[PDB]
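To start, the structure itself, in structure tokens.
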Amino acid sequence: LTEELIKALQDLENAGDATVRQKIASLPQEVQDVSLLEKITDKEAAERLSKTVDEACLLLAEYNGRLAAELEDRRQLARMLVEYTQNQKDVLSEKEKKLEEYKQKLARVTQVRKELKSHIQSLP
Amino acid sequence: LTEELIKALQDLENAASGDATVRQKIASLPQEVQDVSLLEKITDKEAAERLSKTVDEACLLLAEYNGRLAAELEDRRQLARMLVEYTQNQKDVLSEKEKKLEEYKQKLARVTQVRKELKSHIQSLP
């Protein structure tokens, strides 16, 4: 459970992103603004933009998939954290109860130690 | 933050085996170290001295364990706080990332619109 929660936290940390984002950011506005198509008046220009558009579709699809998967991992971690927190609360209150019991036990043993110091004087 | 939460979880985990073992040692103490009404059964000094040695060991074991356990409760309350804080931070990060994904889905939909329209525009060209 603890081992599982650690693996999840490490994985998420290790899942580059910034590089793919920068690649997408560097796309020119002509790939996403259909009002600019009127500037295309020959097939050479159309073909240049078409290549750029194709790359953009691949980059965004790959990246959107990656991001969506990370959200899923985060929702899963969130569920694991809530469950682990509820279990720790229960363990904590159990241990609080136990510490009181052991303090009482030590006080009884101390009472025996004290009373034995006196009892031993009455013996041969 | 994540690195800190991991260190805390590992540390706390490491204590637990040592804990159960010390608790078993305390459980094996005999009734005579904790029940003063039974002292009446001690009728010579040799028996008294044997019990006195055992009682001293018990006092040391319980005192050391009670100090250990109190420190562990502190560590657990701290971990509990760290978990609540980390959970709240993950909720915030999650909603930020949800927003960003919507923006990139919208961007892809625009690019798809351009692609479609360019395929058609190309047919009108010489």
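Given +1 on the Cβ of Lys and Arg, -1 on the Cβ of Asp and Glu, and no further charges, what dipole in debye does segment B:36-126 carry about its Cα centre, rounded to the nearest 20? Before the final figure, lay out the partial values.
Numbers: 18 positive and 17 negative charges, 283 e Å.
It comes to approximately 1360 debye.
Which FRET efficiency, nearest 0.05, do B:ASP44 and B:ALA16 yield, Cβ-Cβ r, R0 41 Å?
According to the calculation, E is roughly 0.40.
Quick check: the distance between the Cα centres of segment B:75-123 and segment B:1-44, to the nearest angstrom?
49 Å
Along segment A:118-124, what does the Karplus equation 6.51 cos²θ - 1.76 cosθ + 1.60 (θ = phi - 60°) give for ³J(HN,Hα), rounded to whole Hz, x for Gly and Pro?
Running phi through 6.51 cos²θ - 1.76 cosθ + 1.60 with θ = phi - 60° gives 6, 4, 4, 5, 6, 8, x Hz.
Taking B:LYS100 as the anchor, which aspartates and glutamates have their alpha carbon closer than 18 Å to its alpha carbon, excluding any fewer than eight residues away along the same chain?
Straight-distance partners of B:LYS100: A:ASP17, A:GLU62, A:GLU70, A:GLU72, A:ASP73, B:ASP92.
Applying the Karplus parametrisation 6.51 cos²θ - 1.76 cosθ + 1.60 with θ = phi - 60° to the phi angles of segment A:26-36, what ³J(HN,Hα) value in whole Hz is obtained for each residue in order, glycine and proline being reported as x?
Using θ = phi - 60°, the values come out as 6, 4, x, 4, 4, 6, 10, 10, 5, 5, 7 Hz.
Going from the alpha-carbon gyration tensor of segment B:37-126, what semi-axes, largest first and in whole Å, does one get by taking the root of 5 times each eigenvalue? Could the numbers behind the result be given before it?
Working: eigenvalues 1330, 25, 13 Å².
Three semi-axes, in Å: 82, 11, 8.
Considering the dipole of chain B built from charges on the beta carbon (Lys and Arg +1, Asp and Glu -1) around the Cα centre, which of B:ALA48, B:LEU94, B:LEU62 is farthest to its positive end?
B:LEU94
Give, as a single signed number, the net charge of other residues whose beta carbon lies under 12 Å from the beta carbon of A:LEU9, with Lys and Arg counted +1 and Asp and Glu -1.
Its environment carries a net charge of -4.
So which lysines pass the test for A:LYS43, namely a Cα distance under 24 Å, with those fewer than 8 places away in the same chain ruled out?
Within the straight-line limit of under 24 Å, A:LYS43 reaches these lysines: A:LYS51, B:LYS116, B:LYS119.
Just how large is the dipole of the protein assembly as shown about the Cα centre, in debye to the nearest 20, putting +1 at every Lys and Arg Cβ and -1 at every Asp and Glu Cβ?
Taking the Cα centre of the protein assembly as shown as origin, the dipole is about 300 debye.
If the protein assembly as shown were replaced by its equivalent ellipsoid, with semi-axes equal to the square roots of 5 times the Cα gyration tensor eigenvalues, what would those be, largest first, whole Å?
Gyration-tensor ellipsoid for the protein assembly as shown: 76, 12, 10 Å.
From the phi of every residue in segment A:61-68, what ³J(HN,Hα) in whole Hz does the Karplus formula 6.51 cos²θ - 1.76 cosθ + 1.60 yield, where θ is phi - 60° and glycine or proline is x?
The phi angles translate into 4, 5, 6, 4, x, 4, 4, 4 Hz.
What pairs from A:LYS105/B:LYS45; A:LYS117/B:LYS25; A:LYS117/B:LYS41; A:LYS114/B:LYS53; A:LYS97/B:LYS7; A:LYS117/B:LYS45 go past 19 Å between their alpha carbons?
Values: A:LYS105/B:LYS45 25 Å; A:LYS117/B:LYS25 25 Å; A:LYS117/B:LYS41 15 Å; A:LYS114/B:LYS53 13 Å; A:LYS97/B:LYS7 26 Å; A:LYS117/B:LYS45 11 Å.
Beyond 19 Å: A:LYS105/B:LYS45; A:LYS117/B:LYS25; A:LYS97/B:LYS7.
Read-outs throughout are calculated quantities, based only on the coordinates presented, and are distinct from any laboratory measurement. Neighbour counts run over all protein chains shown; Cβ positions are idealised from the backbone, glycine included.
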